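Note: ideal-geometry Cβ built from the backbone for every residue, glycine included; neighbour counts use all protein chains shown. Just so you know, all these numbers are worked out from the coordinates, no wet-lab data involved.
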Amino acid sequence: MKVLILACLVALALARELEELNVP
Amino acid sequence: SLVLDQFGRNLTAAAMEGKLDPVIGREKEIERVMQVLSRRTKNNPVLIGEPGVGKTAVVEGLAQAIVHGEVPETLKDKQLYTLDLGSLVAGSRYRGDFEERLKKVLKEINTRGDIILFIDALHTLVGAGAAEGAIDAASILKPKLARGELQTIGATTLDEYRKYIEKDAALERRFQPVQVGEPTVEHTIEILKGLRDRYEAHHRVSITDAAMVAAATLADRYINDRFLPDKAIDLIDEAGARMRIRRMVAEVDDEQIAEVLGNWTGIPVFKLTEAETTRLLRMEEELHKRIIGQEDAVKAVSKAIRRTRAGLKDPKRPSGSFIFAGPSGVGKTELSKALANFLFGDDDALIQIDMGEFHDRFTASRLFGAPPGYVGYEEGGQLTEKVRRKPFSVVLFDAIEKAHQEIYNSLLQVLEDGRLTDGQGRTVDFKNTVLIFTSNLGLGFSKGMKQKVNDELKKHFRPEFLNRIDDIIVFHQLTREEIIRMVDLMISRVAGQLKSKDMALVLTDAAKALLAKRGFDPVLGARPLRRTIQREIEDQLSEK
Amino acid sequence: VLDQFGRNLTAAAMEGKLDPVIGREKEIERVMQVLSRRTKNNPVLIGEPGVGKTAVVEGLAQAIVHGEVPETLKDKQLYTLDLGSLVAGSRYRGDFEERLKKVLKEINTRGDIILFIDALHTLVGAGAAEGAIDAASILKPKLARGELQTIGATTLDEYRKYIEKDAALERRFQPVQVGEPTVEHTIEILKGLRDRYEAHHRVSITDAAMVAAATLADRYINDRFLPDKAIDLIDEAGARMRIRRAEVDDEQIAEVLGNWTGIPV
Amino acid sequence: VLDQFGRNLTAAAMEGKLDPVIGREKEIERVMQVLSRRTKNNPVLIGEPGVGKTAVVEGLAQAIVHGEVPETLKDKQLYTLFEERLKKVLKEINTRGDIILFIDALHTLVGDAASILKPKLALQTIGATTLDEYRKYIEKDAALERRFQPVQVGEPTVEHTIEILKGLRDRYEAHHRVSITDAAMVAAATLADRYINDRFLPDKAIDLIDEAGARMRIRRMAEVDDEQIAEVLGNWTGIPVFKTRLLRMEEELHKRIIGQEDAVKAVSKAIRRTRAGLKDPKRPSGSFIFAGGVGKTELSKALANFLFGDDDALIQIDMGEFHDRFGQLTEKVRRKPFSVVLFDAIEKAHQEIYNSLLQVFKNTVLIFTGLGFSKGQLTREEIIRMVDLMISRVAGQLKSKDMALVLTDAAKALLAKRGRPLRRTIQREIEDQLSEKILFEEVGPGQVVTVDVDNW
Ligand SMILES: Nc1ncnc2c1ncn2[C@@H]1O[C@H](COP(=O)(O)OP(=O)(O)OP(=O)(O)O)[C@@H](O)[C@H]1O
Ligand SMILES: Nc1ncnc2c1ncn2[C@@H]1O[C@H](COP(=O)(O)OP(=O)(O)O)[C@@H](O)[C@H]1O
Ligand SMILES: Nc1ncnc2c1ncn2[C@@H]1O[C@H](COP(=O)(O)OP(=O)(O)O)[C@@H](O)[C@H]1O
Ligand SMILES: Nc1ncnc2c1ncn2[C@@H]1O[C@H](COP(=O)(O)OP(=O)(O)O)[C@@H](O)[C@H]1O
């Protein structure tokens, strides 16, 4: 009864793209 | 060409190979798609629809409309590709690999110009190839889609169209929502009749025309977790897949799908067995093996179940809505447990909502869920979540006289319309349940009730709730002659809890008339009587 | 499907490395009934954790070798698949998706694969999110056309929270309810498994041990289910006998139950 | 060959490169229970960061070469270990079938190498996690939990740790050329459970006699004793050396009598009966109730400084408006045992904080705190002993202004009459009226200010 649910959204755990180090 | 083949599947080449099943109907829907695809700018349709209504089947109908040439000339010789967005994210570890793969797709589409790029699950486009520092595949396609230089069909669930395309309001502009609706039942029969040869060939069974007519009407009436142009194919398959199973031809008929649907929801929809028909005609007598001496209720709950099993029930009302009135202890819950025993073989197969645990409305949220924002929203309702799992289920609203005046008003929608939307937002069906309302109920100078107990239900319930109850049954108080019959039931099955060396209690003596007397009063029920049989002759003849 | 992310349960069943499955013959027929469908042939095994849901499929993988197939499940290899093992090792983009598109490429080329994925609560959200590319977006086009036969396994709560709350995932996995077995069914499980436990521990397990293991486990243990809490008692008692060394009875499985639960004697 | 990727524990065990552990035999036995099973034959060794999990398997490797072992684990090897060489080494484990790998970071294999184990088992695996990491990673993967068994490794007690130091005695007498005594190792364990809370015993005590032997072989360029482990513990915790615990308390506690003197003497005897002599440590030390004085928070500040910690080890928990929750007492004692715990309110009567306060943790001080026709607490002189404290903060700031706040005894008497609000009336009268005189330079540096207040 009128106890509110508090969604509490997480920060985005997401992928990462890459700069790569060039080699021969 | 070769770039599109490794990032997606050609549906036009799949329609030449006959790998796409026939799409019977959806002529006005594919016409709407080809109308949107023939635009100059924003020629991008989205098949929004309920999940399973044939959103990706409309595009399969388009891919075999191109091969048949039933498209207009502006869409003739188009190559319709299901763009695999996972194929583009695949092997994109480094920065700019995904954005290279997507611009290589679009360079081939601008080169050929005969590409309609069907993106199934268009909600996955927002965030496709989105990394820490990347460009999502939405923002690469947004200049293409707005100018109409990229023909792209989307297909998105209406639930998944709120959360990911209406949360990206720029991308919603670039598309046109083509509402693929849930078809009617007569349209679904033509879908099923058109898919007759595909499921004849894979299940090696002939499927008759009445079986197609059944599995559309049986799915619409008795299945609610899915949509028509799918839950009807679902009954055709597990019909024919059982015939591949049990035979390791046999026709699929009305009986072959009703036995699937009986093993599907637990709703007996059978074309009735003669052995099942006999025990339904003597249902009033086979419920006399647990309760005795009612003879008005046990007949009137037998009339409602035969009305259900003969198919003559109102398909928008419940299978039976009852009030079990009368004094306490006369077999109110014992009839509901008997009614659950006849229909399931289990006395705890019913759903007993104890209405004495409710007295106000500010705890009345366990039977229709909590509204959004409030706690109890993701596990909303204990009545609803048990009825959408057992749609055929006797539910028992025990002790309704100890409840609130405004909690049976939530169930007032259940009695007429047979539905109840929980707090989560989901309509559950009570159209096949058997609703039971158990109630515990002369004074002065009169020359010598049924009349006052109707007036006292008119005091407690509103006459609008009683208006929607199908049968109101006042129970007759147990005569001292039939308490002789009542104690004979306890010496058999409650003495069947006993072990058969630890007892010899079926004596046939005259002392059961004394057991019939001890434990019963004209104000008490037979519960203060079923306790005295246990603790005086059964449970103390057993501890030695 | 490679042996990197799972193993071939039919090749294990051909070599006889899987557990003998006594009981659950009716549930295997319901899995074969869902797998014999032309579309949506995806049986999710809904049951409490450790009721024998893999033991349904281990018996199903034997039934491929034993020839109890409906001729549409004939010579179908059944690679199990840890869905979380594809997740493991993904911090960068296209790590999960490449290893998922590889294992779906090795099904179209090979052509007889029946995936057994456990943990379908992991399916929703296997990638970043649902708007992102997850395994609950890659599998779904092939789970509606019958071109991908995946056998699932949820609990009942994971099925309610993750699949019944997911639109367009209820319709692609068809529920097969693997129930909680009774006490006599559990003994018959133990009667079939005893040729493995008496040959692994090199002990002899008496008939009195199993009638006690199916009774004492229900009587004292409530956080975990029967067709596992009863298998465990005659497993550790064979190991405790191998450690103390041989015959397991209702006294040898007795002190094994007393090790865990807070019983001094 | 696998010696060039990982290394043996059994070849190290026979040579003597592994140190023995004297206790921990129920935990090694539990591992041999788990591995001898047909299914779930892989122990996970749930422990804590330091309690000794690798210590079980390097003692298990000693059990192989000795023979206090099952014959299903007799003559076996315990190794301790990109995709192409990972499959290369696990093929060498499969083609023998007689070797077992150990992983100290098993939670980092599902955080693959996890379902590689299943056709290579058809190999064994001994894992090592913490109890946090077992809940995060091992329990989450359901296809992993079918093969692994939760094997508990708990924190050892102090008398158990002395046995461990007894076994790890010849290792340090040989390494540092030092002669360590029994007293030292008793004090190196009973002060390791005491003063160190970022680590756990098995290590907290071994770190002391390792550094003590390192301190002896340093400053001589003899003998570690009781007085070494305190100064070795002195710099290594930043605490100066005062750690003999004369019985328990003394009058030093009752020096800072910030108020009622009979209260301070009553609290003094109350813990000297519950710290040494009686009160088994399965119930926490202290465990007494305040009565409804000064305000009682300042009295508990002297309690924390004198026995366990500084004033920071006193924790004020309010329950005046925190009585609808499930809690900060659990977290702050988790970081620091031997905590002096203070509950400022107990008169808020509810059934939720009833439950949180029954179950309370082996060593922590727990504290709970006019219409008639009628003519018939600190006293008058006991306010004056708090007045000079609450102006010492004012005079302590005027010394940098080259001033000395001298209060006459009559002005302190009236300041007792007007002043919990004794703090505020000094800020209103002694501070604010003086500060405007400092800005006016009526008083200033080179002046000893004398605030007399007549009409007292
Ligand atoms: N008009 C139709 N004619 C023939 N078959 C149809 C038609 N509509 C639907 N179907 C069939 O019913 C099923 C519907 O699944 P489909 O994926 O096509 O629909 P959907 O609503 O887009 O589902 P999802 O959202 O899961 O992709 C398929 O087997 C499809 O072939
Ligand atoms: N019709 C009946 N036939 C046989 N026994 C009955 C019958 N009705 C009641 N009893 C017995 O008397 C008890 C009275 O309980 P019942 O009237 O069923 O519950 P309630 O009063 O809560 O509706 C039952 O539990 C059963 O043991
Ligand atoms: N007929 C059977 N039913 C259930 N479990 C069985 C059966 N035969 C063997 N088992 C045991 O079941 C276990 C396999 O795990 P399983 O019970 O399938 O887990 P889950 O039910 O959580 O999927 C093994 O201990 C195996 O020996
Ligand atoms: N029972 C014991 N006997 C001897 N040394 C032990 C014992 N337990 C732990 N140690 C020592 O404690 C240190 C930590 O080892 P271990 O407990 O395996 O670490 P971790 O807790 O990080 O797994 C090592 O020097 C080890 O030899």
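Going from the residue with the fewest nearby Cβ atoms within 10 Å to the one with the most, B:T111, B:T384 rank B:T111, B:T384. Charges were assigned to the Cβ only: +1 to each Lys and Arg, -1 to each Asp and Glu. The resulting dipole of the protein assembly as shown about its Cα centre is roughly 1080 debye.
Centroid-to-centroid, using Cα positions, segment D:342-387 and segment B:145-162 are 68 Å apart. Within chain D, all pairs of alpha-carbon atoms sorted by distance into 10 Å bins from zero give the percentages 4, 15, 18, 19, 17, 12, 7, 5, 3, 0, 0.
Taking Cα centre as origin and charging only the Cβ of basic (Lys, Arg, +1) and acidic (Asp, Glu, -1) residues, the dipole magnitude of segment D:1-76 rounds to 360 debye.
Label positions at B:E416 and D:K279, each projected 7 Å from the Cα along the C-beta direction, are separated by 7.2 nm. Bridgeable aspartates and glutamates around C:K74 (alpha carbons under 20 Å apart, same-chain partners fewer than 8 residues away excluded): B:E200, B:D237, B:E238, C:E15, C:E25, C:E27, C:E29, C:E58, C:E106, C:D112, C:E147.
For segment C:89-158, GluC sites (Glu not before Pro) meeting the loop criterion (DSSP other than H, G, I, E, B) and having at most 15 other Cβ atoms within 10 Å: C:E147.
Rounded to the nearest 0.05, what FRET efficiency do B:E378 and B:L312 give with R0 = 35 Å and r taken as the Cβ-Cβ distance? Could you check? Taking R0 as 35 Å, the efficiency between B:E378 and B:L312 is 0.30.
Against the compact-protein benchmark of 2.2 N^0.38 Å, the Cα-based radius of gyration of segment B:131-219 scales to 1.67. Per-residue Karplus couplings for segment C:120-128, computed as 6.51 cos²θ - 1.76 cosθ + 1.60 with θ equal to phi - 60°, are listed in order as 7, 5, 7, 4, 6, x, 6, x, 6 Hz, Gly and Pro entered as x.
Using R0 = 60 Å, the C-beta based FRET efficiency linking A:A11 and B:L441 works out to 0.50. Computed from phi, the 3J(HN,Hα) profile of segment B:427-441 under the Karplus parametrisation 6.51, -1.76, 1.60 (θ = phi - 60°) reads 7, 9, 9, 10, 5, 10, 6, 10, 7, 10, 10, 7, 9, 8, 10 Hz, with x in place of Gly and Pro.
Distance from the alpha carbon centroid of segment C:182-205 to that of segment C:28-97 works out to 25 angstrom. Of B:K459, D:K87, B:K313, the sequence from fewest to most neighbouring Cβ atoms within 10 angstrom is B:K459, D:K87, B:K313. So if I take the centroid of the Cα atoms in segment B:443-478 and the same for segment C:6-21, what is the distance between those two points in Å? Between the Cα centre of segment B:443-478 and that of segment C:6-21, the gap is 67 Å. Computed extension gain for C:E198 through C:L2, at 0.36 nm per residue and net of the alpha carbon distance, reaches 67.3 nm.
Relative to the globular-protein estimate of 2.2 N^0.38 Å, the Cα radius of gyration of segment D:53-187 stands at 1.30. Taking a ≥ b ≥ c as the square roots of the eigenvalues of the Cα gyration tensor, an a/c ratio of 1.5 or more together with a/b no larger than b/c marks segment B:431-508 as oblate. Residues whose amide H lies under 5 Å from that of C:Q149, counting only those 5 or more places away or on a different chain, are C:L115; hydrogens are built 1.01 Å from N in the peptide plane.
The convex hull drawn around the Cα atoms of the protein assembly as shown, when projected onto a plane and averaged over every direction, covers 74.8 nm². Around the amide H of B:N44, modelled in the peptide plane, lie the amide H atoms of B:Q176, all under 5 Å away and 5 or more residues distant in sequence or on another chain.
Charge dipole (Cα centre; +1 on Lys/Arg Cβ, -1 on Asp/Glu Cβ; no other charges) of chain B amounts to roughly 660 debye. Which shape class, rounded, prolate or oblate, goes with segment C:7-66 when its Cα gyration tensor gives a ≥ b ≥ c as root eigenvalues, a/c under 1.5 marks rounded, and past that a/b bigger than b/c marks prolate? The shape class here is oblate. Less than 5 angstrom separates the built amide H of D:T130 from those of D:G47, all sequence-distant by 5 or more or on a different chain.
Here, segment B:160-285 yields an orientationally averaged convex hull projection of 11.4 nm² when only Cα atoms define the hull. With θ taken as phi - 60° and the Karplus curve 6.51 cos²θ - 1.76 cosθ + 1.60 applied, the whole-hertz 3J(HN,Hα) list for segment B:181-193 is x, 5, x, 6, 6, 5, 5, 6, 5, 6, 5, 5, 5 Hz, x standing for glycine and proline.
Using a simple spin-label model with pseudo-atoms 7 Å out from Cα toward Cβ, D:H160 and B:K42 lie 7.1 nm apart. What GluC sites (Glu not before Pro) in segment B:7-97 are in a loop by DSSP, with at most 10 other Cβ atoms within 10 Å of the Cβ? Listed in order of number, the matching sites are B:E17. Listed from fewest to most Cβ neighbours within 10 Å, the set B:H123, D:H350 follows the order D:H350, B:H123. Projecting label points 7 angstrom from Cα along Cα→Cβ for D:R393 and B:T74 puts them 8.2 nm apart.
Restricting segment B:283-380 to chymotrypsin sites (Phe, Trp or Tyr not before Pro) that sit in a DSSP loop and have at most 11 other Cβ atoms within 10 Å of their own Cβ leaves B:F362.
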